[PDB]
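**Q** File follows, coords-v6.cif with mmCIF, C-alpha atoms:
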```cif
data_coords
#
loop_
_atom_site.label_atom_id
_atom_site.label_comp_id
_atom_site.auth_asym_id
_atom_site.auth_seq_id
_atom_site.Cartn_x
_atom_site.Cartn_y
_atom_site.Cartn_z
CA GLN A 196 -52.88 61.88 -29.94
CA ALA A 197 -56.45 63.10 -29.58
CA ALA A 198 -56.34 65.73 -32.32
CA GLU A 199 -54.30 63.28 -34.39
CA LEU A 200 -57.16 60.82 -34.14
CA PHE A 201 -59.38 63.85 -34.83
CA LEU A 202 -57.35 64.53 -37.97
CA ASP A 203 -59.99 63.85 -40.58
CA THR A 204 -63.29 65.66 -39.73
CA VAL A 205 -64.41 64.56 -43.21
CA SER A 206 -65.11 60.85 -43.00
CA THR A 207 -66.49 61.57 -39.53
CA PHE A 208 -70.22 61.37 -39.74
CA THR A 209 -73.60 62.47 -38.37
CA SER A 210 -73.06 60.10 -35.51
CA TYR A 211 -75.22 58.72 -32.76
CA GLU A 212 -72.99 59.94 -29.93
CA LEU A 213 -72.23 63.42 -31.23
CA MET A 214 -75.52 63.96 -33.04
CA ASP A 215 -74.21 67.42 -33.76
CA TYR A 216 -71.26 67.06 -36.10
CA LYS A 217 -70.41 70.58 -34.93
CA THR A 218 -69.96 69.33 -31.35
CA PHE A 219 -67.25 67.07 -32.75
CA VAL A 220 -65.91 70.16 -34.53
CA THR A 221 -65.74 72.03 -31.22
CA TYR A 222 -63.97 69.07 -29.65
CA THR A 223 -61.32 68.80 -32.35
CA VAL A 224 -60.63 72.52 -32.29
CA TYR A 225 -60.40 72.54 -28.48
CA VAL A 226 -57.84 69.77 -28.54
CA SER A 227 -56.05 70.96 -31.70
CA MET A 228 -55.29 74.44 -30.35
CA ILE A 229 -53.06 72.80 -27.78
CA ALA A 230 -51.96 69.82 -29.83
CA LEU A 231 -50.37 71.64 -32.76
CA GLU A 232 -48.11 74.62 -33.32
CA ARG A 233 -48.60 77.67 -35.58
CA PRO A 234 -47.30 76.15 -38.81
CA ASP A 235 -50.11 73.60 -38.69
CA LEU A 236 -52.73 76.03 -37.41
CA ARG A 237 -51.78 78.41 -40.23
CA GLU A 238 -52.34 75.66 -42.78
CA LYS A 239 -54.82 73.11 -41.52
CA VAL A 240 -57.65 74.65 -39.50
CA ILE A 241 -57.42 78.06 -41.18
CA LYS A 242 -57.70 76.80 -44.78
CA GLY A 243 -59.99 73.81 -44.30
CA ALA A 244 -63.28 74.68 -45.94
CA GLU A 245 -65.01 71.70 -44.34
CA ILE A 246 -63.74 72.84 -40.94
CA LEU A 247 -64.35 76.51 -41.76
CA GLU A 248 -68.00 76.36 -42.81
CA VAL A 249 -69.11 74.57 -39.65
CA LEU A 250 -67.45 77.07 -37.32
CA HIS A 251 -69.03 79.65 -39.62
CA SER A 252 -72.21 78.55 -37.82
CA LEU A 253 -70.45 79.35 -34.52
CA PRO A 254 -70.16 82.96 -33.39
CA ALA A 255 -68.08 82.35 -30.27
CA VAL A 256 -65.77 79.55 -31.36
CA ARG A 257 -64.88 81.26 -34.65
CA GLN A 258 -63.99 84.26 -32.53
CA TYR A 259 -62.27 82.02 -29.98
CA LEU A 260 -59.90 80.48 -32.51
CA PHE A 261 -59.23 83.67 -34.45
CA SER A 262 -58.50 85.70 -31.32
CA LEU A 263 -55.40 83.59 -30.80
CA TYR A 264 -54.28 83.37 -34.43
CA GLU A 265 -55.03 87.03 -35.14
CA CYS A 266 -53.12 88.13 -32.00
CA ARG A 267 -56.23 89.46 -30.24
CA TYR A 268 -55.09 88.75 -26.73
CA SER A 269 -57.41 90.76 -24.49
CA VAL A 270 -60.69 89.36 -25.82
CA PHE A 271 -59.01 85.93 -25.81
CA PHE A 272 -59.36 85.91 -22.03
CA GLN A 273 -63.01 86.91 -22.36
CA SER A 274 -63.81 84.03 -24.68
CA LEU A 275 -61.36 81.87 -22.71
CA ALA A 276 -63.37 82.09 -19.49
CA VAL A 277 -66.44 81.16 -21.53
CA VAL A 278 -64.85 78.07 -23.08
CA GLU A 279 -63.20 77.13 -19.79
CA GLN A 280 -66.44 77.73 -17.92
CA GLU A 281 -68.43 75.49 -20.25
CA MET A 282 -65.59 72.98 -20.10
CA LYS A 283 -65.92 73.11 -16.31
CA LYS A 284 -69.59 72.31 -16.84
CA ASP A 285 -68.79 69.65 -19.40
CA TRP A 286 -68.92 65.91 -18.83
CA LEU A 287 -65.76 64.05 -20.04
CA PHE A 288 -63.65 67.21 -19.99
CA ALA A 289 -64.57 68.06 -16.42
CA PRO A 290 -61.72 65.75 -15.30
CA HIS A 291 -59.20 68.04 -16.99
CA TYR A 292 -60.52 71.59 -17.43
CA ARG A 293 -58.15 72.69 -14.69
CA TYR A 294 -55.30 71.24 -16.76
CA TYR A 295 -56.57 72.81 -19.98
CA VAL A 296 -56.52 76.55 -19.37
CA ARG A 297 -53.37 76.52 -17.21
CA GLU A 298 -51.74 75.27 -20.42
CA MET A 299 -53.63 77.81 -22.52
CA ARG A 300 -52.31 80.69 -20.41
CA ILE A 301 -48.66 79.68 -20.59
CA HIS A 302 -49.09 78.92 -24.29
CA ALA A 303 -50.49 82.40 -24.91
CA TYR A 304 -47.64 83.83 -22.84
CA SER A 305 -45.22 81.93 -25.05
CA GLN A 306 -46.82 83.22 -28.25
CA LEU A 307 -46.64 86.89 -27.35
CA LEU A 308 -43.49 86.79 -25.24
CA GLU A 309 -41.27 84.91 -27.68
CA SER A 310 -41.44 87.84 -30.13
CA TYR A 311 -39.54 90.49 -28.16
CA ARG A 312 -36.63 90.54 -25.76
CA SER A 313 -37.05 93.92 -24.05
CA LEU A 314 -40.82 93.93 -23.57
CA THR A 315 -41.84 95.64 -20.35
CA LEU A 316 -44.37 94.25 -17.91
CA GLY A 317 -46.50 97.40 -17.87
CA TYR A 318 -47.33 96.98 -21.56
CA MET A 319 -49.16 93.69 -21.02
CA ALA A 320 -51.91 95.05 -18.76
CA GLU A 321 -53.50 97.39 -21.29
CA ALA A 322 -52.19 95.55 -24.36
CA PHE A 323 -52.73 91.94 -23.30
CA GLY A 324 -55.09 91.60 -20.34
CA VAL A 325 -55.58 93.71 -17.28
CA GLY A 326 -53.91 93.43 -13.88
CA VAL A 327 -50.22 94.14 -13.37
CA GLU A 328 -49.79 92.27 -10.09
CA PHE A 329 -51.84 89.44 -11.61
CA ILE A 330 -49.28 89.28 -14.42
CA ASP A 331 -46.62 89.37 -11.67
CA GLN A 332 -47.95 86.42 -9.65
CA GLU A 333 -48.90 84.62 -12.85
CA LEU A 334 -45.63 84.84 -14.75
CA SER A 335 -43.56 84.04 -11.66
CA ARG A 336 -45.56 80.91 -10.87
CA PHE A 337 -44.46 79.84 -14.35
CA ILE A 338 -40.80 80.80 -14.35
CA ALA A 339 -41.00 79.18 -10.92
CA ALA A 340 -42.81 76.32 -12.66
CA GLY A 341 -39.73 75.82 -14.82
CA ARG A 342 -41.37 76.71 -18.13
CA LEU A 343 -41.96 80.05 -19.88
CA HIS A 344 -38.35 80.80 -20.74
CA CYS A 345 -37.66 84.35 -19.62
CA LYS A 346 -36.27 86.14 -16.57
CA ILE A 347 -38.31 89.03 -15.23
CA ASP A 348 -36.71 92.12 -13.72
CA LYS A 349 -38.58 93.97 -11.01
CA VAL A 350 -37.15 97.25 -9.71
CA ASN A 351 -36.53 98.73 -13.14
CA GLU A 352 -39.86 97.32 -14.46
CA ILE A 353 -38.88 95.29 -17.52
CA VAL A 354 -39.22 91.66 -18.59
CA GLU A 355 -36.13 90.06 -20.10
CA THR A 356 -36.12 86.77 -21.96
CA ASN A 357 -33.51 84.26 -23.08
CA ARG A 358 -33.34 81.41 -25.50
CA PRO A 359 -32.65 77.94 -24.14
CA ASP A 360 -30.86 75.34 -26.20
CA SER A 361 -32.51 71.98 -26.87
CA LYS A 362 -29.89 70.21 -24.78
CA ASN A 363 -30.87 70.72 -21.12
CA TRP A 364 -34.64 70.44 -21.37
CA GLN A 365 -34.21 67.56 -23.80
CA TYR A 366 -31.94 66.07 -21.13
CA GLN A 367 -34.51 66.65 -18.40
CA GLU A 368 -37.23 64.36 -19.77
CA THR A 369 -34.58 61.69 -20.35
CA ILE A 370 -33.58 61.69 -16.71
CA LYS A 371 -37.30 61.55 -15.86
CA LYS A 372 -38.01 58.49 -18.00
CA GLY A 373 -34.68 56.87 -17.16
CA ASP A 374 -35.24 57.14 -13.42
CA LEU A 375 -38.84 55.98 -13.94
CA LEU A 376 -37.95 52.79 -15.79
CA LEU A 377 -35.07 52.20 -13.39
CA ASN A 378 -37.71 52.31 -10.66
CA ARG A 379 -39.79 49.92 -12.78
CA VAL A 380 -37.26 47.14 -13.37
CA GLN A 381 -35.89 47.84 -9.91
CA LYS A 382 -39.34 47.00 -8.53
CA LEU A 383 -39.92 43.93 -10.71
CA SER A 384 -36.40 42.77 -9.85
CA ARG A 385 -37.54 42.94 -6.23
CA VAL A 386 -40.73 41.08 -7.20
CA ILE A 387 -39.14 38.05 -8.85
CA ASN A 388 -36.69 35.96 -6.81
CA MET A 389 -39.03 36.55 -3.84
CA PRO B 308 -89.52 16.75 -64.32
CA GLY B 309 -88.28 14.07 -61.96
CA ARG B 310 -84.66 15.03 -62.56
CA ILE B 311 -84.16 18.57 -61.24
CA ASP B 312 -85.41 19.31 -57.73
CA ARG B 313 -85.60 23.11 -57.77
CA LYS B 314 -84.90 25.90 -60.27
CA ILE B 315 -84.26 29.44 -59.02
CA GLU B 316 -84.42 32.61 -61.11
CA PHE B 317 -81.92 35.43 -60.55
CA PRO B 318 -83.37 38.76 -61.70
CA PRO B 319 -81.51 41.94 -62.56
CA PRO B 320 -81.45 44.28 -59.56
CA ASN B 321 -84.10 46.94 -59.09
CA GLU B 322 -83.55 50.40 -57.60
CA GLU B 323 -83.65 48.76 -54.17
CA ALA B 324 -81.24 45.94 -54.96
CA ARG B 325 -78.76 48.22 -56.69
CA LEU B 326 -78.49 50.32 -53.55
CA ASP B 327 -77.32 47.71 -51.06
CA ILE B 328 -74.62 46.42 -53.39
CA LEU B 329 -73.37 49.99 -53.44
CA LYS B 330 -73.60 49.86 -49.65
CA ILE B 331 -71.68 46.60 -49.17
CA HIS B 332 -69.21 47.12 -51.98
CA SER B 333 -68.66 50.76 -50.98
CA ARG B 334 -67.39 49.73 -47.55
CA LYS B 335 -63.64 49.51 -48.19
CA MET B 336 -63.28 52.90 -49.87
CA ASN B 337 -62.16 56.09 -48.16
CA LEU B 338 -65.38 58.03 -48.53
CA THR B 339 -66.58 61.56 -47.87
CA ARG B 340 -69.57 62.46 -45.71
CA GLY B 341 -72.74 63.01 -47.71
CA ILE B 342 -72.98 60.92 -50.83
CA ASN B 343 -76.65 60.15 -51.71
CA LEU B 344 -76.10 56.78 -53.36
CA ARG B 345 -79.85 56.67 -54.10
CA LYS B 346 -79.26 59.08 -56.99
CA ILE B 347 -76.47 56.91 -58.37
CA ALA B 348 -78.54 53.73 -58.17
CA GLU B 349 -81.21 55.64 -60.06
CA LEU B 350 -78.59 56.66 -62.63
CA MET B 351 -77.66 53.02 -63.25
CA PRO B 352 -80.71 51.51 -65.00
CA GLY B 353 -80.10 47.98 -63.75
CA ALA B 354 -77.07 46.57 -65.53
CA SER B 355 -76.16 43.75 -63.07
CA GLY B 356 -74.29 43.29 -59.81
CA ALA B 357 -70.96 43.36 -61.63
#
```
When written as structure tokens, how does the structure in this file appear?

**A**
Amino acid sequence: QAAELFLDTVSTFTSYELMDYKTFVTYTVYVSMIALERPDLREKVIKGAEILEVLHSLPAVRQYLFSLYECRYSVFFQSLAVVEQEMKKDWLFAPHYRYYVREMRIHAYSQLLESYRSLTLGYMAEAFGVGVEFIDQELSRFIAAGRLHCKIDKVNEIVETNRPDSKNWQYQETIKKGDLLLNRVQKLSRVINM
Amino acid sequence: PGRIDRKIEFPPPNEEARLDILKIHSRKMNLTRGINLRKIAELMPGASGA
């Protein structure tokens, strides 16, 4: 919803609260890179002249966006610790910087890993970002976290993926919300009639 | 002279008074940032508020 309210970046103005219009530009790119998929990124933020010329004044952010779109994964961590570090410093972001980059990692893992099926794990250290055992404990904590749809092999040193159908995960959120609202009207049903 | 109590002249707008009618009347449009309505109010040589 935040990038969707940050849709325009045209009628937005030299405001009092973001006296730099470009600070608003950094905000809408930081939320948009999670909020939308590739189809939109490959139309909206890449071809907007009004969005392009203001990040043209930015050396790091223009690199930070294009490292992801141009499949430059190793420097994407380098700029990522910069953006995450400043976001850690940042007021009104500082509540959720720890939520931001843990999504950015698994999103970047999705972007590279959903291309191949037989990609090995020892390719990602030099090709993607260094540290094999870091990739081990990272990826696992995500397959273990129930996202990042693949299934890593260990003692032959390969990573295998699958494709899930939109029938079990689409079911999962429905049992979440159904049990939640059942708890809700369950509780209010306890509230009324004493 | 005992009949009418006050008579009030309404002038055509100057470069100042053309600008704020652009401001008020330009409210409900979907604009674009950076317009410089001063130039446009200079381009209109005082027709009227209509």

**Q** Of the residues B:335, B:341, B:310, B:328, which is the one nearest to chain A, using only C-alpha atoms?

**A**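 Closest residue, counting only C-alpha atoms: B:341.
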
**Q** Which polymer residues, protein or nucleic acid, are no farther than 10 Å from (-75.3, 35.6, -59.9), counting only C-alpha atoms, as a VMD selection string?

**A** chain B and resid 316 to 319 355 to 357

**Q** May I have the residues of chain B within 10 Å of chain A, counting all atoms listed in the file, written as a list in words?

**A**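 For chain B, the answer reads residues 337, 338, 339, 340 and 341 of chain B.
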
**Q** Take the point (-56.3, 72.7, -39.1) in the file's coordinates, draw a sphere of radius 10 Å around it, and report as a compact mmCIF listing (two decimals) with C-alpha atoms, in the frame of the given file every protein, DNA or RNA residue with an atom inside or on it, counting all atoms listed in the file.

**A**
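See result-v3.txt below for the written result:
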```
# COMPACT_ATOMS: atom_id res chain seq x y z
CA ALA A 198 -56.34 65.73 -32.32
CA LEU A 202 -57.35 64.53 -37.97
CA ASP A 203 -59.99 63.85 -40.58
CA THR A 204 -63.29 65.66 -39.73
CA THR A 223 -61.32 68.80 -32.35
CA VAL A 224 -60.63 72.52 -32.29
CA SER A 227 -56.05 70.96 -31.70
CA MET A 228 -55.29 74.44 -30.35
CA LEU A 231 -50.37 71.64 -32.76
CA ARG A 233 -48.60 77.67 -35.58
CA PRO A 234 -47.30 76.15 -38.81
CA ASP A 235 -50.11 73.60 -38.69
CA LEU A 236 -52.73 76.03 -37.41
CA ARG A 237 -51.78 78.41 -40.23
CA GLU A 238 -52.34 75.66 -42.78
CA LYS A 239 -54.82 73.11 -41.52
CA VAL A 240 -57.65 74.65 -39.50
CA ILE A 241 -57.42 78.06 -41.18
CA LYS A 242 -57.70 76.80 -44.78
CA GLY A 243 -59.99 73.81 -44.30
CA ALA A 244 -63.28 74.68 -45.94
CA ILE A 246 -63.74 72.84 -40.94
CA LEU A 247 -64.35 76.51 -41.76
```

**Q** Please list as a ChimeraX atom specification every residue within 12 Å of residue 336 of chain A, counting all atoms listed in the file and excluding residues in the same chain fewer than 4 positions away.

**A** /A:297,300-301,329-332,340-343,347

**Q** To one decimal place, how far is atom CA of residue 220 of chain A from atom CA of residue 249 of chain A in Å?

**A** 7.5 Å

**Q** Can you translate the PyMOL selection byres ((chain A and resi 349) around 12) into the concrete residues it hits in this file, as an mmCIF file with C-alpha atoms, keeping the file's coordinate frame?

**A**
```cif
data_model
loop_
_atom_site.group_PDB
_atom_site.id
_atom_site.type_symbol
_atom_site.label_atom_id
_atom_site.label_comp_id
_atom_site.auth_asym_id
_atom_site.auth_seq_id
_atom_site.Cartn_x
_atom_site.Cartn_y
_atom_site.Cartn_z
ATOM 1 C CA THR A 315 -41.840 95.640 -20.350
ATOM 2 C CA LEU A 316 -44.370 94.250 -17.910
ATOM 3 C CA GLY A 317 -46.500 97.400 -17.870
ATOM 4 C CA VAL A 327 -50.220 94.140 -13.370
ATOM 5 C CA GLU A 328 -49.790 92.270 -10.090
ATOM 6 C CA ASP A 331 -46.620 89.370 -11.670
ATOM 7 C CA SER A 335 -43.560 84.040 -11.660
ATOM 8 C CA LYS A 346 -36.270 86.140 -16.570
ATOM 9 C CA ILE A 347 -38.310 89.030 -15.230
ATOM 10 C CA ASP A 348 -36.710 92.120 -13.720
ATOM 11 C CA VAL A 350 -37.150 97.250 -9.710
ATOM 12 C CA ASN A 351 -36.530 98.730 -13.140
ATOM 13 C CA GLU A 352 -39.860 97.320 -14.460
ATOM 14 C CA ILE A 353 -38.880 95.290 -17.520
ATOM 15 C CA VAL A 354 -39.220 91.660 -18.590
ATOM 16 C CA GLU A 355 -36.130 90.060 -20.100
#
```

**Q** So how far away is atom CA of residue 281 of chain A from atom CA of residue 252 of chain A, in Å?

**A**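 Result for atom CA of residue 252 of chain A versus atom CA of residue 281 of chain A: 18.2 Å, one decimal.
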
**Q** Could you state which residues are captured by the PyMOL selection byres ((chain A and resi 344) around 7) in this file, as number ranges by chain?

**A** A: 338, 342-343, 345, 356-358

**Q** Atoms to include: C-alpha atoms. Write the selected residues as an mmCIF file, in the coordinates of the input.

**A**
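Written out: part.cif:
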```cif
data_model
loop_
_atom_site.group_PDB
_atom_site.id
_atom_site.type_symbol
_atom_site.label_atom_id
_atom_site.label_comp_id
_atom_site.auth_asym_id
_atom_site.auth_seq_id
_atom_site.Cartn_x
_atom_site.Cartn_y
_atom_site.Cartn_z
ATOM 1 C CA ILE A 338 -40.800 80.800 -14.350
ATOM 2 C CA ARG A 342 -41.370 76.710 -18.130
ATOM 3 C CA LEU A 343 -41.960 80.050 -19.880
ATOM 4 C CA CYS A 345 -37.660 84.350 -19.620
ATOM 5 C CA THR A 356 -36.120 86.770 -21.960
ATOM 6 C CA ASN A 357 -33.510 84.260 -23.080
ATOM 7 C CA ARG A 358 -33.340 81.410 -25.500
#
```

**Q** Just the residues within 12 Å of residue 276 of chain A, please, counting all atoms listed in the file, with nothing from its chain fewer than 4 positions along; format it as a list in words.

**A**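 Returned residues: residues 255, 259, 269, 270, 271, 272, 280, 281, 282, 283, 284, 292, 293, 295, 296, 297, 299 and 300 of chain A.
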
**Q** Quick one: pull the distance between atom CA of residue 369 of chain A and atom CA of residue 386 of chain A, Å, one decimal.

**A**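 Separation of atom CA of residue 369 of chain A and atom CA of residue 386 of chain A: 25.2 Å.
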
**Q** Would you give the centre and edge lengths, in Å to one decimal, of a box along x, y and z around the listed atoms of segment 332-347 of chain A, with 8 Å added to each side, as JSON?

**A**
```
{"center_x": -42.6, "center_y": 82.4, "center_z": -15.2, "size_x": 28.6, "size_y": 29.2, "size_z": 27.1}
```

**Q** Could you spell out the hits of the PyMOL selection byres ((chain B and resi 321) around 10) on the shown file, as a count of residues only?

**A** 15

**Q** How would segment 343-357 of chain B read, as an mmCIF file, in the frame of the given file, once N, CA, C and O atoms are built in?

**A**
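Done, and the output landed in out_37.cif:
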```cif
data_model
loop_
_atom_site.group_PDB
_atom_site.id
_atom_site.type_symbol
_atom_site.label_atom_id
_atom_site.label_comp_id
_atom_site.auth_asym_id
_atom_site.auth_seq_id
_atom_site.Cartn_x
_atom_site.Cartn_y
_atom_site.Cartn_z
ATOM 1 N N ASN B 343 -75.350 60.374 -51.070
ATOM 2 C CA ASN B 343 -76.650 60.150 -51.710
ATOM 3 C C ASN B 343 -76.530 59.135 -52.851
ATOM 4 O O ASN B 343 -76.709 59.436 -54.033
ATOM 5 N N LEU B 344 -76.221 57.904 -52.439
ATOM 6 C CA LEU B 344 -76.100 56.780 -53.360
ATOM 7 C C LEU B 344 -77.409 56.425 -54.048
ATOM 8 O O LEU B 344 -77.386 55.707 -55.056
ATOM 9 N N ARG B 345 -78.540 56.867 -53.485
ATOM 10 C CA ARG B 345 -79.850 56.670 -54.100
ATOM 11 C C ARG B 345 -79.889 57.250 -55.509
ATOM 12 O O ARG B 345 -80.409 56.613 -56.434
ATOM 13 N N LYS B 346 -79.320 58.447 -55.682
ATOM 14 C CA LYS B 346 -79.260 59.080 -56.990
ATOM 15 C C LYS B 346 -78.448 58.258 -57.972
ATOM 16 O O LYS B 346 -78.821 58.128 -59.140
ATOM 17 N N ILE B 347 -77.357 57.664 -57.499
ATOM 18 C CA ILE B 347 -76.470 56.910 -58.370
ATOM 19 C C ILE B 347 -77.121 55.602 -58.787
ATOM 20 O O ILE B 347 -77.044 55.191 -59.953
ATOM 21 N N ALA B 348 -77.800 54.944 -57.844
ATOM 22 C CA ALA B 348 -78.540 53.730 -58.170
ATOM 23 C C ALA B 348 -79.706 54.016 -59.095
ATOM 24 O O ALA B 348 -80.110 53.142 -59.868
ATOM 25 N N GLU B 349 -80.254 55.230 -59.041
ATOM 26 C CA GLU B 349 -81.210 55.640 -60.060
ATOM 27 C C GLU B 349 -80.525 55.887 -61.398
ATOM 28 O O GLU B 349 -81.119 55.637 -62.451
ATOM 29 N N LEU B 350 -79.284 56.379 -61.377
ATOM 30 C CA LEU B 350 -78.590 56.660 -62.630
ATOM 31 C C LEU B 350 -78.202 55.384 -63.354
ATOM 32 O O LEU B 350 -78.164 55.373 -64.587
ATOM 33 N N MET B 351 -77.903 54.314 -62.623
ATOM 34 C CA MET B 351 -77.660 53.020 -63.250
ATOM 35 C C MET B 351 -78.996 52.330 -63.490
ATOM 36 O O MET B 351 -79.692 52.010 -62.519
ATOM 37 N N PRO B 352 -79.391 52.084 -64.733
ATOM 38 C CA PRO B 352 -80.710 51.510 -65.000
ATOM 39 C C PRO B 352 -80.703 49.978 -64.970
ATOM 40 O O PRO B 352 -81.223 49.311 -65.867
ATOM 41 N N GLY B 353 -80.107 49.416 -63.923
ATOM 42 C CA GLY B 353 -80.100 47.980 -63.750
ATOM 43 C C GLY B 353 -79.244 47.215 -64.729
ATOM 44 O O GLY B 353 -79.775 46.515 -65.595
ATOM 45 N N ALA B 354 -77.923 47.343 -64.631
ATOM 46 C CA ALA B 354 -77.070 46.570 -65.530
ATOM 47 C C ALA B 354 -76.923 45.137 -65.011
ATOM 48 O O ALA B 354 -77.467 44.201 -65.603
ATOM 49 N N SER B 355 -76.239 44.974 -63.878
ATOM 50 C CA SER B 355 -76.160 43.750 -63.070
ATOM 51 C C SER B 355 -75.396 44.111 -61.803
ATOM 52 O O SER B 355 -75.041 45.275 -61.582
ATOM 53 N N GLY B 356 -75.113 43.101 -60.984
ATOM 54 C CA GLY B 356 -74.290 43.290 -59.810
ATOM 55 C C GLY B 356 -72.811 43.425 -60.065
ATOM 56 O O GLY B 356 -72.061 43.729 -59.134
ATOM 57 N N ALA B 357 -72.365 43.205 -61.298
ATOM 58 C CA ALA B 357 -70.960 43.360 -61.630
ATOM 59 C C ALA B 357 -70.616 44.746 -62.143
ATOM 60 O O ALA B 357 -69.444 45.131 -62.120
#
```
